[PDB]
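Engineer: For the sequence shown, our numbering begins at 14 and goes up steadily by one. Got a structure for you, questions after.
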Amino acid sequence: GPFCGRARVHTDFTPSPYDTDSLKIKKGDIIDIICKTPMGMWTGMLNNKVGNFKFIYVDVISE
Numbered sequence: 014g015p016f017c018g019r020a021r022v023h024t025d026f027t028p029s030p031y032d033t034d035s036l037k038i039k040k041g042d043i044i045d046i047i048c049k050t051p052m053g054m055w056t057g058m059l060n061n062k063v064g065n066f067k068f069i070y071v072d073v074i075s076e
């Protein structure tokens with residue numbers, strides 16, 4: 014059911030300055046999908062930094 018590959022950010026999503034539990038992403042940036050969270054948020058890696066991000070701000074594309 015679930016699809017794995019590359020995730021393209023379509024919406025600029027940035028956590029608060031005191032928020033480190035969330036990964037930082039930017040529109041146009043590509044994040045490698047490694048796992049999905051039951052809640053809905055997707056997990057990926059960015060600049061040797063793995064974390065969770067809002068899927069609503071990220072679109073799944075095929076590379």
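We put the beta carbon where it would ideally sit given N, CA and C, even for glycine.
1. Using DSSP with H/G/I as helix, E/B as strand and the rest coil, what is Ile69?
2. Quick check on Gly57: buried or exposed, where buried means 16 or more other Cβ atoms within 10 Å of its Cβ?
3. Please go through the same chain and pick out, in chain order, the residues whose beta-carbon is closer than 7 Å to the beta-carbon of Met54, but skip the five residues on each side of it.
4. Pick out whichever of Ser35, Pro15, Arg21, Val63 has its Cα sitting closest to the Cα of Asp72.
5. Grouping DSSP H, G and I as helix and E and B as strand, with all else coil, what is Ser29?
Structural biologist: Reading off the structure:
1. The residue labelled residue 69 in the question sits at position 56 within the sequence shown. DSSP places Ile69 in helix when its eight states are reduced to three.
2. Residue numbering aside, residue 57 sits at position 44 when the sequence shown is read from its first letter. With at least 16 other beta carbons inside 10 angstroms of its own, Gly57 counts as buried.
3. For the purposes of this step, residue 54 is taken as residue 41 along the sequence shown, with counting starting at 1. Contacts found: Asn65, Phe66, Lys67, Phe68.
4. For the purposes of this step, residue 72 is taken as residue 59 along the sequence shown, with counting starting at 1. Out of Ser35, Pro15, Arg21, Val63, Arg21 has the C-alpha closest to the C-alpha of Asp72.
5. Along the sequence shown, one-based indexing puts residue 29 at 16. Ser29 falls in the coil class under three-state DSSP.
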